[PDB]
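Chemist: There's a structure below that I have some questions on.
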Amino acid sequence: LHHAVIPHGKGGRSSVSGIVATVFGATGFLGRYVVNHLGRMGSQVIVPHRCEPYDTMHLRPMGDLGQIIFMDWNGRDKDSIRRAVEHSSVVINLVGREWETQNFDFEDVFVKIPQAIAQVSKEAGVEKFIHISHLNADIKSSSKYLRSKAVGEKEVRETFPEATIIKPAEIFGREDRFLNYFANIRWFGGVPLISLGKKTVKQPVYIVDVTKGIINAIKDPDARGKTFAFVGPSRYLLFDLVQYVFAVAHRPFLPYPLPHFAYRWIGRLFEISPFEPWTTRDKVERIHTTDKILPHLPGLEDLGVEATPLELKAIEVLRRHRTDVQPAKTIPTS
Amino acid sequence: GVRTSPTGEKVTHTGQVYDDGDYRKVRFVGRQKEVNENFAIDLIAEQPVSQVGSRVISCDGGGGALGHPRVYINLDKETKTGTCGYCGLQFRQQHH
Amino acid sequence: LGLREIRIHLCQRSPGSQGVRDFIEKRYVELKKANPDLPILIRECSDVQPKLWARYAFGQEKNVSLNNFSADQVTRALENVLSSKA
Amino acid sequence: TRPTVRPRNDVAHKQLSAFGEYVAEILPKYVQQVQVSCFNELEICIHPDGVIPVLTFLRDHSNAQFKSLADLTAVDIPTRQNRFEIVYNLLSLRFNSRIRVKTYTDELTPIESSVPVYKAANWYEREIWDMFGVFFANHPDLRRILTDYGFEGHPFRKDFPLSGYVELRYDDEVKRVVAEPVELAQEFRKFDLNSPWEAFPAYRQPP
Amino acid sequence: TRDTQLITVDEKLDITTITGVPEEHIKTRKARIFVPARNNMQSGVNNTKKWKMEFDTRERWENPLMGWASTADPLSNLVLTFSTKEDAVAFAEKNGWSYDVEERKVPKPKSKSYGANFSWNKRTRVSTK
Amino acid sequence: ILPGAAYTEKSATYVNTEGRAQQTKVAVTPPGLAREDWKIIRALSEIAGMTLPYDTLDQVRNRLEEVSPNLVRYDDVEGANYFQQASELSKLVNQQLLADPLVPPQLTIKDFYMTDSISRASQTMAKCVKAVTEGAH
Amino acid sequence: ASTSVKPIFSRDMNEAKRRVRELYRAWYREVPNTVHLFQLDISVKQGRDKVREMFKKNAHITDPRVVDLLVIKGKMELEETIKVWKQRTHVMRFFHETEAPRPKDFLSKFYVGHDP
Ligand SMILES: NC(=O)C1=CN([C@@H]2O[C@H](COP(=O)(O)OP(=O)(O)OC[C@H]3O[C@@H](n4cnc5c(N)ncnc54)[C@H](OP(=O)(O)O)[C@@H]3O)[C@@H](O)[C@H]2O)C=CC1
Ligand SMILES: [Zn+2]
């Protein structure tokens with residue numbers, strides 16, 4: 001524990017792995033899985049949080065005594081970010097939001113805050129920096145969510161050149177907003193879709209695969225200053241994918257088309273609430289965006305992670321929606 | 001006798017202080033490092049040396065049964081004081 | 001690329017090593033003046049089956065059991081190693 | 001008298017000695033040794049084949065009437081080839097006396113279940129099985145009683161580690177309690193306390 | 001003359017599969033069967049009577065929170081006592097542990113004589129008493 | 001620089017001045033990223049494509065047996081013989097003695113305390129060298 | 001003699017092997033019921049593979065008495081599963097889903113720690 005930190009032990013709860021990580025946005029969906037893997041191997045995890053301490057309780061059991069440390073931070077306060085990274089050797093940014101708030105829009109969560117963390121991390125002396133982006137990130141799309149990601153990805157790549165950008169597709173899991181999203185369209189009617197789910201190809205990836213990929217990027221030396229594209233093993237049509245979700249959840253599937261402009265309006269209706277919107281204009285766009293194919297970026301297979309097929313671990317997610325299923329037709333590689 | 005390291009952390013009476021690059025300092029961020037202010041090595045030096053008129057004096061720490069085991073201290077050596085092994089009090093022999 | 005060292009194993013007072021003990025007493029001094037730069041490592045140990053190890057270049061080793069041999073059979077094996085290299 | 005020393009009871013030492021010979025004469029086929037300790041406790045050491053014959057005699061015989069099974073346990077002595085010592089503690093309310101019966105077995109040899117004699121041995125034998133791994137034949141329901149379901153190993157064996165091999169923990173990824181190899185933040189500190197000087201010369205063993 | 005019907009089993013006793021021990025701690029360990037050496041600070045010889053079996057020492061590291069000594073070795077504190085060397089080897093063999101046996105070291109009998117302290121010619125004469 | 005384990009941190013074999021082979025036992029593990037010395041060479045061989053034929057300590061000690069059978073006879077003295085043959089070969093190549101007196105490297109006790117890496121790094125041996133040179137007080 | 005010993009259930013390997021198969025059939029037929037009652041996230045085939053693997057690791061045993069104990073313990077494990085004395089956590093402890101694989105090659109061990 002002089003030059004960096006020497007690993008010690010068997011790689012269990014009470015071991016020392018040498019990883020001192022600050023995980024921004026650790027209180028969300030992808031955050032709880034990243035902290036669980038870091039703390040499960042004996043890492044010192046620092047968890048800045050904006051929420052009530054009551055909402056960080058599901059993280060305390062994830063590490064031995066003293067291994068999970070909680071700090072208050074403000075996305076717009078550079079000093080708070082400095083206090084949370086000055087002692088770390090790796091910084092992971094999972095800050096994000098599926099909707100805009102009166103105080104935080106997509107240009108804050110995905111551009112300004114990530115660049116603030118990257119800058120303070122660079123001058124604090126942090127050596128490794130992992131930033132999460134989107135697979136479909138580019139400034140050409142109707143989704144302001146995806147336009148912000150492309151801008152933020154470029155700014156992170158400039159403030160912290162040795163950063164490691166991860167570009168995952170729609171992540172599915174127990175607490176995801178992807179498979180659970182195609183299961184809450186039952187109290188209104190059928191399943192609205194742009195077109196009828198055709199001309200929309202999705203490549204979802206398992207949450208543990210993304211988590212295991214981020215862990216291996218910390219340990220792997222030849223991942224500094226590199227971009228990855230974490231994608232699932234199989235590609236699906238949004239119609240076939242959603243049909244599979246309802247079959248696994250044993251719900252009656254009544255797909256009917258809806259105009260693209262018509263879906264926007266009902267998105268407006270559901271985003272007037274003060275709480276987590278059920279759906280929004282940007283959410284509809286992203287679901288109906290086609291997952292890019294970037295074969296020039298190393299993916300999960302370049303970090304020793306075997307992508308988990310959606311059919312194998314979809315029952316564990318949709319079990320709670322229920323009151324021998326044919327696998328969905330998949331696009332061949334060709 | 002609490003000294004402060006260049007980074008600003010207090011040095012404990014055992015000499016403990018985290019180096020500049022040690023990550024374990026992160027446990028004190030938003031909290032404090034508990035350091036006892038009364039250094040024993042400094043307070044027992046303030047006690048005066050006791051002048052006795054015999055070659056062997058006995059110390060029991062003061063208080064009888066509330067002190068420490070009674071030990072006898074030899075004061076024949078004139079180049080130093082006879083220190084009690086339990087409590088640190090010092091004794092000297094009057095003009096011999 | 002051939003022989004690099006010779007190792008001979010034997011016991012001190014075991015009958016099976018009698019032949020090898022005879023070889024060392026009389027033959028060995030002659031064998032060593034003819035091979036001044038060849039390390040012949042005689043190593044004795046109680047209750048060890050006698051053997052002859054030959055180590056050629058690049059770490060290859062071959063062993064032949066000298067169990068119950070006579071001094072003549074032993075010197076025969078040395079030639080098969082000194083002469084017929086590998 | 002001597003205020004700090006336990007007074008002897010030679011009357012009770014005589015009586016238990018006589019009853020020990022009595023039992024040794026009536027069941028020579030199994031009894032291997034009889035002894036009375038300095039504090040008047042009778043031990044009958046028997047061959048394991050005599051568990052049911054010897055216990056039945058002591059329970060039913062008019063001069064024994066040992067109708068209570070106070071306790072039944074095992075002791076693990078690894079240095080013996082029959083490492084386990086099965087111990088029966090019986091009580092006689094008629095004659096207000098206690099007797100201890102000992103036998104032995106190893107990791108593989110079955111012992112006969114004394115449930116037919118004393119019904120109280122049903123759970124005691126399960127605890128012996130669970131904690132020592134001694135199999136009792138013809139037990140109505142033999143299974144673990146104290147250890148966790150699926151527990152591997154027999155904890156009370158002298159060679160089983162104090163902290164075991166696995167520890168439980170709740171994993172959020174799989175949403176359940178999981179078992180993993182044990183890692184202690186502070187290892188148990190093994191103290192070597194034995195004095196290098198003999199304490200009791202009366203128990204010295206021959207060189 | 002047992003009435004119980006016995007059977008013939010001609011194989012070395014082996015219980016590795018019915019002890020619950022993880023396979024990692026049966027094949028990778030190294031038992032040491034020895035008689036403990038006398039503590040040189042004391043003259044008592046009552047801890048050198050029995051044979052002990054202990055296992056090979058493994059890693060202990062500093063606990064980050066408190067500096068305590070941590071361990072992942074379940075057999076670190078396990079020590080067994082045996083009356084003789086043979087019944088200690090027997091226990092190791094049936095549990096599957098590789099072992100090393102170290103022969104007992106008993107002090108050599110010494111020739112002691114108080115009168116030699118005052119010898120007329122020999123060198124054993126002592127200068128101080 | 002490849003960090004290795006000291007004698008208190010490895011089960012290693014040593015032979016004393018009389019041909020008696022003895023083995024140390026692990027008291028503590030080597031510090032930091034240091035590793036057992038013979039394993040550092042097994043690891044190097046595999047990365048070099050010349051993988052050695054032993055993967056465990058017992059296998060490495062089987063290899064020692066093939067080279068010198070007495071190196072696995074722990075706490076046993078194997079008598080060596082053939083002094084006559086050694087003496088015969090000792091006088092085939094004559095050589096001339098120098099004319100400088102035999103001076104041992106260690107004359108007084110000040111030269112005894114520090115002789116290897118471990119003793120030279122000891123703060124107690126240094127105090128012993130100072131004590132026998134400067135004296136008391 | 002020394003080699004004469006009481007049998008547990010089986011007097012030779014042939015009789016013991018009969019009890020092994022009778023246990024395998026009982027286990028083989030409860031995986032679908034176990035995977036259903038406990039609502040496990042594994043498939044029936046990989047549940048039956050684990051049963052096969054457990055029967056395979058201790059397949060070199062030649063002592064009839066050791067086989068009897070392995071079957072006695074195996075039946076106790078089956079009874080706990082059928083009676084639902086176990087819970088979802090106990091059934092899944094055969095699969096070690098939370099501990100990362102321990103590499104078995106020499107080099108991988110050499111990098112991580114001092115263990116063999
Ligand atoms: N989950 C998915 O399907 C996808 C994930 N990603 C990206 O990964 C990142 C995290 O994903 P995910 O965990 O699922 O999202 P979540 O909504 O589940 O969690 C977002 C985290 O960011 C925090 N956050 C949001 N706004 C702020 C803010 N102003 N200040 C401080 N913290 C804030 C939240 O803290 P708090 O809870 O206290 O509000 C929360 O901890 C995102 O950037 C996302 O774009 C990429 C592809 C798909
Ligand atoms: Zn005092």
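Just so we're on the same page: first chain in the structure tokens is A, next is B, and so on; residues restart at 1 for each chain, and ligands are numbered from 1 in the order they show up.
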Determine which residues of chain F sit within 8 Å of chain E, taking into account only C-alpha atoms, and present them as a list in words.
Modeler: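 Listing them in order of chain and number gives residues 25, 26, 27, 28 and 29 of chain F.
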Chemist: Starting from chain A, keep only residues with some atom at most 9 Å from an atom of chain F, counting only C-alpha atoms, and report them as a list in words.
Modeler: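 Result: residues 1, 6, 7 and 8 of chain A.
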Chemist: May I have the residues from that selection written out with N, CA, C and O atoms, as a tab-separated table (two decimals), in the first residue's frame?
Modeler:
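Generated file (selection-v3.tsv):
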```
chain	number	residue	atom	x	y	z
A	1	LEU	N	0.85	-1.22	0.00
A	1	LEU	CA	0.00	0.00	0.00
A	1	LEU	C	0.87	1.25	0.00
A	1	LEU	O	0.65	2.18	0.77
A	6	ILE	N	-1.40	-2.44	-3.12
A	6	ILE	CA	-1.07	-3.83	-3.46
A	6	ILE	C	-2.29	-4.70	-3.17
A	6	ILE	O	-2.81	-4.66	-2.05
A	7	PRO	N	-2.76	-5.50	-4.13
A	7	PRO	CA	-3.84	-6.44	-3.82
A	7	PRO	C	-3.43	-7.44	-2.76
A	7	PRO	O	-2.26	-7.84	-2.66
A	8	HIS	N	-4.40	-7.85	-1.95
A	8	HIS	CA	-4.17	-8.81	-0.88
A	8	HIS	C	-5.43	-9.63	-0.67
A	8	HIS	O	-6.52	-9.07	-0.57
```
Chemist: Got a sec to check which residues lie within 6 Å of ligand 2, using only C-alpha atoms and all ligand atoms, and send them as a VMD selection string?
Modeler: chain B and resid 59 to 61 84 86 to 87 89
Chemist: Please produce an output containing C-alpha atoms for each residue in the selection, written as a PDB file, in the first residue's frame.
Modeler:
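again37.pdb was written with the following content:
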```pdb
ATOM      1  CA  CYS B  59       6.404   3.397  44.734  1.00  0.00           C
ATOM      2  CA  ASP B  60       2.841   2.078  44.611  1.00  0.00           C
ATOM      3  CA  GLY B  61       1.529   4.788  42.281  1.00  0.00           C
ATOM      4  CA  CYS B  84       9.123   3.809  38.495  1.00  0.00           C
ATOM      5  CA  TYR B  86       4.666   1.378  36.176  1.00  0.00           C
ATOM      6  CA  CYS B  87       3.877   5.091  36.543  1.00  0.00           C
ATOM      7  CA  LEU B  89       7.583   8.991  38.578  1.00  0.00           C
TER       8      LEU B  89
END
```
Chemist: I'd like the contact shell of stretch 5-22 of chain B - 8 Å cut-off, only C-alpha atoms, skipping same-chain residues fewer than 3 positions apart - returned as a ChimeraX atom specification.
Modeler: /A:1-2,87 /B:1-2,25,33,35-36,39
Chemist: As a quick test: using only C-alpha atoms and all ligand atoms, which residues lie no more than 9 Å away from ligand 1? Give them as a PyMOL selection string.
Modeler: chain A and resi 24-33+48-52+55-56+73-76+93-98+101+103-105+108-110+113+131-136+145-146+149+166-173+175-178+204-205+207
Chemist: Please provide as a ChimeraX atom specification all residues within 10 Å of residue D:29, with the sequence filter that same-chain residues fewer than 6 positions apart are discarded (counting only C-alpha atoms).
Modeler: /D:46-47,49-50,53-54 /E:1-2
Chemist: Please provide the set of residues having any atom within 8 Å of stretch 47-51 of chain C, restricted to only C-alpha atoms, with same-chain residues fewer than 2 positions apart removed, written as a list in words.
Modeler: residues 8, 9, 10, 11, 14, 16, 17, 20, 45, 53, 63, 64, 65, 66 and 67 of chain C; 69 of chain F
Chemist: If you run DSSP over the backbone, which residues in stretch 35-207 of chain D end up strand (DSSP E or B)? Put them as number ranges by chain.
Modeler: D: 35-36, 42-46, 68-76, 84-92, 97-105, 111-112, 136-137, 166-171, 176-181, 184
Chemist: Mind dumping a table of every chain G residue within 10 Å of chain E, with the nearest atom pair and its distance in Å to one decimal, using only C-alpha atoms, sorted by chain and rising number, as CSV?
Modeler:
```
residue,atom,partner,partner_atom,distance
G:1,CA,E:8,CA,8.9
G:2,CA,E:8,CA,9.0
G:3,CA,E:8,CA,5.6
G:4,CA,E:8,CA,4.8
G:5,CA,E:6,CA,5.0
G:6,CA,E:6,CA,4.7
G:7,CA,E:7,CA,6.4
G:10,CA,E:7,CA,9.3
G:11,CA,E:7,CA,6.1
G:12,CA,E:7,CA,8.0
G:13,CA,E:9,CA,9.9
G:57,CA,E:17,CA,9.0
G:58,CA,E:17,CA,6.7
G:61,CA,E:17,CA,8.7
G:62,CA,E:11,CA,7.5
G:63,CA,E:11,CA,6.7
G:64,CA,E:9,CA,7.6
G:65,CA,E:9,CA,8.7
G:66,CA,E:15,CA,7.1
G:67,CA,E:18,CA,9.3
G:69,CA,E:18,CA,7.2
G:70,CA,E:18,CA,6.7
G:73,CA,E:18,CA,8.6
G:113,CA,E:59,CA,8.6
G:114,CA,E:59,CA,7.3
G:115,CA,E:58,CA,7.4
G:116,CA,E:28,CA,6.7
```
Chemist: Compile the residues of chain A that lie within 8 Å of chain E, evaluated using only C-alpha atoms, and express the compilation as JSON, numbers by chain.
Modeler: {"A": [8, 9, 10, 14, 15, 16, 65, 66, 67]}
Chemist: Could you check which of G:81, G:89, G:34, G:39 is closest to chain D, using only C-alpha atoms?
Modeler: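 Ranked by minimum distance to chain D, first place goes to G:89.
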Chemist: Using only C-alpha atoms, which protein or nucleic acid residues come within 8 Å of residue D:130? Drop anything in the same chain fewer than 4 positions from it, and give the result as a list in words.
Modeler: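 Near neighbours after the sequence-gap exclusion: residues 126, 143, 144, 145, 146, 147 and 154 of chain D.
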Chemist: As an NGL selection string, please: every residue in chain C that DSSP puts in alpha helix (DSSP H).
Modeler: :C and (18-22 or 28-33 or 71-82)
Chemist: Go through chain A and flag each residue having an atom no more than 10 Å from chain B; for those, report the closest pair of atoms plus their distance in Å to one decimal, using only C-alpha atoms, ordered by chain and rising number, as CSV.
Modeler:
```
residue,atom,partner,partner_atom,distance
A:1,CA,B:22,CA,7.9
A:2,CA,B:22,CA,7.6
A:3,CA,B:21,CA,8.8
A:4,CA,B:22,CA,8.6
A:5,CA,B:23,CA,8.8
A:20,CA,B:23,CA,7.5
A:44,CA,B:23,CA,8.8
A:46,CA,B:26,CA,8.5
A:66,CA,B:27,CA,7.8
A:67,CA,B:27,CA,9.4
A:68,CA,B:27,CA,9.7
A:69,CA,B:27,CA,7.2
A:70,CA,B:30,CA,9.3
A:71,CA,B:30,CA,7.3
A:72,CA,B:30,CA,8.8
A:83,CA,B:29,CA,7.4
A:84,CA,B:26,CA,8.3
A:85,CA,B:26,CA,9.4
A:86,CA,B:26,CA,8.6
A:87,CA,B:23,CA,5.0
A:88,CA,B:23,CA,6.8
A:89,CA,B:23,CA,8.7
```
Chemist: Could you save those same residues with N, CA and C atoms as a JSON list (two decimals), in the first residue's frame?
Modeler:
```
[["chain", "number", "residue", "atom", "x", "y", "z"],
["A", 1, "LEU", "N", 0.85, -1.22, 0.00],
["A", 1, "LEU", "CA", 0.00, 0.00, 0.00],
["A", 1, "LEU", "C", 0.87, 1.25, 0.00],
["A", 2, "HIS", "N", 1.89, 1.26, -0.86],
["A", 2, "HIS", "CA", 2.75, 2.43, -1.02],
["A", 2, "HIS", "C", 2.65, 3.02, -2.42],
["A", 3, "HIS", "N", 2.93, 2.23, -3.45],
["A", 3, "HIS", "CA", 2.81, 2.67, -4.84],
["A", 3, "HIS", "C", 1.50, 2.11, -5.38],
["A", 4, "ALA", "N", 0.49, 2.96, -5.47],
["A", 4, "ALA", "CA", -0.89, 2.54, -5.73],
["A", 4, "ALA", "C", -1.31, 1.75, -4.49],
["A", 5, "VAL", "N", -1.99, 0.62, -4.63],
["A", 5, "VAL", "CA", -2.33, -0.24, -3.50],
["A", 5, "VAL", "C", -2.13, -1.69, -3.92],
["A", 20, "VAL", "N", -9.48, 1.87, -5.67],
["A", 20, "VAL", "CA", -10.14, 2.94, -4.94],
["A", 20, "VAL", "C", -10.95, 3.72, -5.97],
["A", 44, "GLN", "N", -12.27, -0.07, -2.13],
["A", 44, "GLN", "CA", -12.72, 1.13, -1.43],
["A", 44, "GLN", "C", -13.57, 1.94, -2.39],
["A", 46, "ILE", "N", -16.22, 5.03, -3.07],
["A", 46, "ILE", "CA", -16.73, 6.32, -2.61],
["A", 46, "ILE", "C", -17.96, 6.65, -3.44],
["A", 66, "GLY", "N", -16.19, -0.09, 6.37],
["A", 66, "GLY", "CA", -15.34, 0.99, 5.93],
["A", 66, "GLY", "C", -15.05, 1.04, 4.45],
["A", 67, "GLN", "N", -15.57, 0.10, 3.66],
["A", 67, "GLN", "CA", -15.25, 0.05, 2.24],
["A", 67, "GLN", "C", -16.19, 0.88, 1.38],
["A", 68, "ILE", "N", -17.41, 1.17, 1.85],
["A", 68, "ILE", "CA", -18.34, 2.04, 1.15],
["A", 68, "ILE", "C", -18.43, 3.35, 1.93],
["A", 69, "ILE", "N", -18.10, 4.46, 1.28],
["A", 69, "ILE", "CA", -18.06, 5.78, 1.90],
["A", 69, "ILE", "C", -19.00, 6.69, 1.13],
["A", 70, "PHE", "N", -19.82, 7.44, 1.87],
["A", 70, "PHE", "CA", -20.87, 8.27, 1.29],
["A", 70, "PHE", "C", -20.54, 9.74, 1.51],
["A", 71, "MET", "N", -20.65, 10.53, 0.45],
["A", 71, "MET", "CA", -20.42, 11.97, 0.50],
["A", 71, "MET", "C", -21.57, 12.70, -0.17],
["A", 72, "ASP", "N", -21.84, 13.91, 0.31],
["A", 72, "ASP", "CA", -22.75, 14.81, -0.37],
["A", 72, "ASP", "C", -22.02, 15.52, -1.50],
["A", 83, "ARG", "N", -13.55, 16.90, -3.59],
["A", 83, "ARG", "CA", -13.45, 16.13, -2.36],
["A", 83, "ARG", "C", -13.73, 14.65, -2.57],
["A", 84, "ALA", "N", -14.42, 14.29, -3.65],
["A", 84, "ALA", "CA", -14.83, 12.91, -3.89],
["A", 84, "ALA", "C", -13.89, 12.15, -4.81],
["A", 85, "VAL", "N", -12.90, 12.81, -5.41],
["A", 85, "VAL", "CA", -12.04, 12.15, -6.39],
["A", 85, "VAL", "C", -10.57, 12.34, -6.03],
["A", 86, "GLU", "N", -10.27, 13.25, -5.10],
["A", 86, "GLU", "CA", -8.88, 13.58, -4.82],
["A", 86, "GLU", "C", -8.11, 12.37, -4.32],
["A", 87, "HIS", "N", -8.77, 11.45, -3.61],
["A", 87, "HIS", "CA", -8.11, 10.27, -3.07],
["A", 87, "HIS", "C", -8.26, 9.04, -3.95],
["A", 88, "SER", "N", -9.05, 9.10, -5.00],
["A", 88, "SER", "CA", -9.34, 7.93, -5.82],
["A", 88, "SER", "C", -8.27, 7.72, -6.88],
["A", 89, "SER", "N", -8.22, 6.49, -7.39],
["A", 89, "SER", "CA", -7.38, 6.15, -8.53],
["A", 89, "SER", "C", -8.19, 5.87, -9.79]]
```
Chemist: Residues of chain A no more than 10 Å from chain G, counting only C-alpha atoms: send them over as a PDB file with C-alpha atoms, in the first residue's frame.
Modeler:
```pdb
ATOM      1  CA  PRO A   7      -3.843  -6.440  -3.823  1.00  0.00           C
ATOM      2  CA  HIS A   8      -4.168  -8.812  -0.879  1.00  0.00           C
ATOM      3  CA  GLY A   9      -6.350 -11.827  -0.224  1.00  0.00           C
ATOM      4  CA  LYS A  10      -8.582 -14.242  -2.084  1.00  0.00           C
ATOM      5  CA  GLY A  11     -10.739 -11.691  -3.900  1.00  0.00           C
ATOM      6  CA  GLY A  12     -13.617 -11.904  -1.430  1.00  0.00           C
ATOM      7  CA  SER A  17      -8.278  -5.415  -4.394  1.00  0.00           C
ATOM      8  CA  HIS A  37     -19.016  -5.827  -7.992  1.00  0.00           C
ATOM      9  CA  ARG A  40     -17.716  -7.717  -3.584  1.00  0.00           C
ATOM     10  CA  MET A  41     -13.992  -8.020  -4.380  1.00  0.00           C
ATOM     11  CA  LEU A 312     -31.835 -16.844 -20.994  1.00  0.00           C
ATOM     12  CA  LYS A 313     -32.355 -14.079 -18.412  1.00  0.00           C
ATOM     13  CA  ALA A 314     -35.660 -12.469 -19.392  1.00  0.00           C
ATOM     14  CA  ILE A 315     -37.819 -14.602 -17.091  1.00  0.00           C
ATOM     15  CA  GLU A 316     -36.107 -13.197 -13.992  1.00  0.00           C
ATOM     16  CA  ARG A 319     -41.652 -12.880 -13.435  1.00  0.00           C
TER      17      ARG A 319
END
```
Chemist: For chain F against chain C, which residues fall within 8 Å using only C-alpha atoms, given as a ChimeraX atom specification?
Modeler: /F:67-70,78-80,82,85,88-89
Chemist: Limited to C-alpha atoms, could you put the picked residues into a file as an mmCIF file, in the first residue's frame?
Modeler:
```cif
data_model
loop_
_atom_site.group_PDB
_atom_site.id
_atom_site.type_symbol
_atom_site.label_atom_id
_atom_site.label_comp_id
_atom_site.auth_asym_id
_atom_site.auth_seq_id
_atom_site.Cartn_x
_atom_site.Cartn_y
_atom_site.Cartn_z
ATOM 1 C CA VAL F 67 20.128 -34.199 -9.850
ATOM 2 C CA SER F 68 21.366 -35.045 -6.341
ATOM 3 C CA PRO F 69 19.351 -37.684 -4.461
ATOM 4 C CA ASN F 70 20.615 -36.407 -1.095
ATOM 5 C CA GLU F 78 24.976 -38.882 3.505
ATOM 6 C CA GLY F 79 28.602 -39.921 3.815
ATOM 7 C CA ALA F 80 30.859 -39.073 0.889
ATOM 8 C CA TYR F 82 36.663 -41.558 -2.630
ATOM 9 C CA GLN F 85 40.576 -40.606 -6.150
ATOM 10 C CA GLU F 88 45.031 -38.585 -7.238
ATOM 11 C CA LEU F 89 43.479 -35.905 -9.448
#
```
Chemist: For the atom pair atom CA of residue D:71 and atom CA of residue D:91, what is the interatomic distance in Å to one decimal place?
Modeler: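 Calculated distance between atom CA of residue D:71 and atom CA of residue D:91 is 9.4 Å.
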Chemist: Which neighbours of stretch 2-6 of chain D fall inside 12 Å, counting only C-alpha atoms, when residues of the same chain fewer than 3 positions from it are skipped, and could you give them as JSON, numbers by chain?
Modeler: {"D": [9, 38, 39]}
Chemist: Please, could you write that set of residues out with N, CA and C atoms as a JSON list (two decimals), in the first residue's frame?
Modeler:
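The new file out16.json reads:
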```
[["chain", "number", "residue", "atom", "x", "y", "z"],
["D", 9, "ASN", "N", -16.58, -39.33, 49.71],
["D", 9, "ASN", "CA", -17.73, -40.13, 50.11],
["D", 9, "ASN", "C", -17.37, -41.58, 49.82],
["D", 38, "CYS", "N", -12.79, -40.66, 41.17],
["D", 38, "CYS", "CA", -12.57, -40.22, 42.54],
["D", 38, "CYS", "C", -13.74, -39.42, 43.10],
["D", 39, "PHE", "N", -14.67, -38.97, 42.26],
["D", 39, "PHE", "CA", -15.88, -38.30, 42.70],
["D", 39, "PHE", "C", -17.12, -39.16, 42.48]]
```
